[PDB]
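**Student:** With the input below, show me the fold.
(2 chains)
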Amino acid sequence: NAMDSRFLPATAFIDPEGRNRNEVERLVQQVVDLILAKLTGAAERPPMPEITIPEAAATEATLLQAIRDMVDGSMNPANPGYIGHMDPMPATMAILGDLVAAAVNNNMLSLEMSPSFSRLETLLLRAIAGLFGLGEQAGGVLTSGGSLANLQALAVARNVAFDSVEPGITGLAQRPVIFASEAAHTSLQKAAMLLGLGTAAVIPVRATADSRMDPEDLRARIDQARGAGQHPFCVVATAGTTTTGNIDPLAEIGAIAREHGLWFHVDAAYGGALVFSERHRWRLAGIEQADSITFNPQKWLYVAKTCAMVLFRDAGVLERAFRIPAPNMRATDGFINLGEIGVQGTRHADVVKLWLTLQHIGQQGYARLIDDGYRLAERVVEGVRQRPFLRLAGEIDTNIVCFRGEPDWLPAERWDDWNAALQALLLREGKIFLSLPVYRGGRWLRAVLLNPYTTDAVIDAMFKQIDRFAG
Amino acid sequence: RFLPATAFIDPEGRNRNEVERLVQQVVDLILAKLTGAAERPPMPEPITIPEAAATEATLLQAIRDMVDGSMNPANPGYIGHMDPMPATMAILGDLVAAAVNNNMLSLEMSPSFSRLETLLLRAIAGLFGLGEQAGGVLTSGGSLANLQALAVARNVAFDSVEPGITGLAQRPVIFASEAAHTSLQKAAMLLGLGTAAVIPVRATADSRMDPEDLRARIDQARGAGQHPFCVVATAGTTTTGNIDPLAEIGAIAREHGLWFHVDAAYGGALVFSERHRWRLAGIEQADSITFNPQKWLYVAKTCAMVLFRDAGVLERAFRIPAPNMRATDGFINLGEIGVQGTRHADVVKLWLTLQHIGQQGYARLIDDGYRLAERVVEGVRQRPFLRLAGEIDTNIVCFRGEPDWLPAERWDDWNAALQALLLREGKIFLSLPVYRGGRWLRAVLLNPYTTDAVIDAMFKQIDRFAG
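**Tutor:** Residues are numbered from 1 along each chain as shown, chains lettered A, B, ... in the order given. Below is the structure:
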């Protein structure tokens, strides 16, 4: 009983027989109090902030100070001025869900290690799949981020195309390739690299002025690849591109993919949230035919990171073309160890925050949040339209507006400096955070209007600052 | 159509009271469950997304149901898996992480966390003896850690980052103990190697890789026109908790010019123990190490890392082509050098836990595990109907009934029956892995509240079942 020893602090663990209850409760309460103070007081911190392992147990005071230092030095999307990333303030229940998940400390790896969570996740994901219109065989798993979801979808596409689970892909005569919009996520190059495809395997497809993949170009690239002696196996349409928030023409892309016998993956990491909005979900038309979908509740569903999933129209594909040889060990109620069918083995129980958050907000709540996001975005667009020195990236499909100064008082070569300077000013003096992505070979301002506490006033304040900066 | 007042925390305090109450209710509920964990056995005895916001009572009930329906490693009888009750600071660390909701993807999205993680991992790497250039990243589990190490080994060997590996004439292969983790197979499949790319090396009766076999397998693969690029030693095998002879394996790998990866997912914890870290000797020479604080460091899942002896390797042989945007203080966006992009700030729970427990605490915890393990071993030795899988290297004991009153064909049935009985009657959870073509009982002596009495109780039950 180390917990009785002088080598462990009394509160290192929670005594299961209640013997350290009071001490634990104190320590827990201190953190809780501190955290709530920080969150309820989040508008007091700017959107962006301005090591040895000890021999002996640290004091409560050191621990608390560390937490305080951690919170203070962190980015603060809770601030209404934080309008620059698809990284939102977490829903309250998401924060609580993680507390619960950590407390129980179950493992998604297997049913015996997560007997409730595993079942809940499977069922919930089936439900979500239904929202996407995927059909009766549809299913999936939660993954620790979108990248892993894309990686898994691609891994399945690859395995299905090449029968690679046991022999791998080193044999291949024709290089396997995938097609994505030039605006698609970098996780597609990283995945390709991990998959043994190489980064070059991701063939960029021309996107329109509105940053939507051009189906004529996709068709052209597929033909070009075949001509090149490459073996196209997958097309990735993106619903809500990372930079500009645009949504690929999913129905057309899907059709092209289907025509060509290509796995159709839809990277709906951000845009997938629109399934909760009757008003906006038509934007996703064609998604229902996807072989797989990546969707990230951590983004537009406000679930504390990480919360992501990949859904397959046919979940059984995970068994056929992913899961490694091992004894079949399904429970009598029919569930499967999730680890067998995921990139991860051990995995945190994200389902708890997801389930809690979905219930608390509800479909109506999301529909509302989404509408407000669109409204804020439209405000930003109208504001850009009003100013000639400022240009939009293109039309918007989501609550994301990418724009930049293209001031005629400067050579184009100095536009990046101007935009960087403006972004710095907006942050330093505005206390408004916009990202400054590299886009189209240039530095562009980026607004993602997620914070539910962002207001028309914040937007107005932003444009007033921009106006002053620009004269 | 609307939102619950508490759906978010108002950053100007407008909902502070409601938020505080809701949080307090969950916190009180969780504490009750945890401080009361022994009252719940080690294992537990339509889903739609609603249109409208659920009530707080519904949510609280959902949490109760979820906890109740969950495995309970906190129970002292839970002695079956490398899945521990969480350290207190780990639970709290997750609460903190979730609240700030930073993203490990980039410095901009986690300015403290990124720096803290890099520095901490450098410290940990030093503990492993990796040297001045050593570093790593946290990953959402050991499997990812193994996957990343292998991806690097592959990229280094085959220059695969941009062109991939499909061109290859000679099949790339790696060697691992026949006892090694299935995440290598998965990883091999992910990496485009195929599961069959992991060539099993004979393990001894003690479930340790046999160096001579390793040498033999490498020669054989080369003979068969394969391209060996990595040897994986396992410091703490999943089933039996055995440690491969790391120095010997490492020497062999080096002799063969093979990347040496040590899967220390479990056994890596030993670095915290002055008494037992000699067990890892030779680990210091690894090219890469996988280590999972979520196992024997008691950090709530997930917490894992891959460390490289040369952190620079991640830039050379992993990171995708992208503009260079190191911060002025020299840090890099972690997303660029990890399998994951967006990632939860596991560093918070890790840092807090390590601080709270300390090296002394872990050393005690570890010693205590060996002591329980030793008790289990003693108990097995005392009973002729029970056999040990082999000698133990960690706080894990794999054993099974091999009763002479049954045909060997019925041994699996006997053990499954015993395990079911122990769980149902004794409230003691032993895992029943498949090992050596059979079902074996497995004990992981992790719970700090597992005692000698629990072990004695297990044996009395075993004796009763045996007759």
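
**Student:** Is the host helix or strand of residue A:124 in proximity to chain B?
**Tutor:** Element membership for residue A:124 (DSSP states H and E) is helix A:115-131. Yes: counting by Cβ under 8 Å from any Cβ of the partner chain, chain B has neighbours in helix A:115-131: A:115, A:116, A:117, A:120, A:123, A:124, A:126, A:127, A:128, A:131. All C-beta atoms are positioned from the backbone trio N, CA, C, and that covers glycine.

**Student:** Can you flag the buried ones in the residues you listed?
**Tutor:** Buried members of the residues of helix A:115-131 next to chain B, scored by 16 or more other Cβ atoms under 10 Å in any protein chain shown, are A:115, A:116, A:117, A:120, A:123, A:124, A:126, A:128, A:131.

**Student:** and which of these is nearest chain B?
**Tutor:** residue A:116 (3.2 Å; Cβ to the nearest Cβ).

**Student:** Correct me if wrong: the closest one contacts residue B:70.
**Tutor:** Yes: assessed by Cβ atoms under 8 Å, residue A:116 is found in contact with residue B:70 at 5.2 Å.

**Student:** Touching both of these two, which residues are there?
**Tutor:** A:106, B:44 (Cβ atoms under 8 Å, 6 or more residues apart in numbering or on different chains).

**Student:** and the nearest residue to residue A:226 once chain neighbours are set aside, what are its bridge partners?
**Tutor:** Distances taken as Cβ to Cβ, 6 or more residues apart in numbering or on different chains place residue A:232 nearest to residue A:226, at 6.7 Å, with adjacent residues excluded. Per DSSP bridges, the residues bridged to residue A:232 are residue A:177.

**Student:** pretty sure residue A:232 contacts residue A:262?
**Tutor:** Yes: contact criterion Cβ under 8 Å: residue A:232 and residue A:262 qualify, at 5.8 Å.

**Student:** hang on, the earlier thing: which residues does the residue nearest to residue A:226 contact?
**Tutor:** Taking Cβ under 8 Å, 6+ apart, one finds A:176, A:177, A:178, A:179, A:222, A:225, A:226, A:260, A:262 in contact with residue A:232.

**Student:** so which of these comes closest to chain B?
**Tutor:** residue A:176 (6.4 Å).

**Student:** Was I right to think that closest one contacts residue A:197?
**Tutor:** Yes: with contacts counted by Cβ under 8 Å, residue A:176 reaches residue A:197, the gap being 5.8 Å.

**Student:** tell me, how many neighbours does the closest residue to residue A:315 other than its chain neighbours end up with?
**Tutor:** Closest residue to residue A:315 apart from its sequence neighbours, by Cβ to Cβ, 6+ apart: residue A:139 at 3.0 Å. Per other Cβ atoms under 10 Å in any protein chain shown, the neighbour tally for residue A:139 reads 23.

**Student:** which residues does residue A:139 contact?
**Tutor:** Contacts of residue A:139 by Cβ under 8 Å, 6+ apart are A:122, A:125, A:126, A:129, A:311, A:312, A:315, A:318.

**Student:** likewise residue A:88?
**Tutor:** Residue A:88 touches A:77, A:299, A:300, A:302, A:450, A:451, B:101, counting by Cβ under 8 Å, 6+ apart.

**Student:** Surely the first one is in a helix?
**Tutor:** In this case it means residue A:77. No: read with DSSP: H, G, I helix; E, B strand; the rest coil, residue A:77 is coil and lies in no helix.

**Student:** That one: how many residues sit nearby?
**Tutor:** 29.

**Student:** coming back round to it: output the helix holding residue A:124 as CSV - backbone C-alpha positions only.
**Tutor:** The C-alpha trace of helix A:115-131 is given here as CSV (Å, rounded to 0.1, in the frame of the first residue of the first chain):
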residue,chain,number,x,y,z
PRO,A,115,-18.5,-1.9,-22.1
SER,A,116,-20.9,1.0,-22.1
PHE,A,117,-18.9,3.5,-24.1
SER,A,118,-18.1,1.1,-27.0
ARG,A,119,-21.8,0.3,-27.4
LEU,A,120,-22.8,4.0,-27.1
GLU,A,121,-20.2,5.1,-29.6
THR,A,122,-21.3,2.5,-32.1
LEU,A,123,-24.9,3.3,-31.8
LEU,A,124,-24.4,7.0,-31.8
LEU,A,125,-22.3,6.9,-34.9
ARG,A,126,-25.0,4.8,-36.6
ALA,A,127,-27.4,7.6,-35.7
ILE,A,128,-25.0,10.2,-37.0
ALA,A,129,-24.6,8.2,-40.2
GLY,A,130,-28.3,8.3,-40.7
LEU,A,131,-28.2,12.1,-40.5
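
**Student:** That one: how far from the chain's middle?
**Tutor:** 19 Å (Cα atoms, centre = their mean, to the nearest Å).
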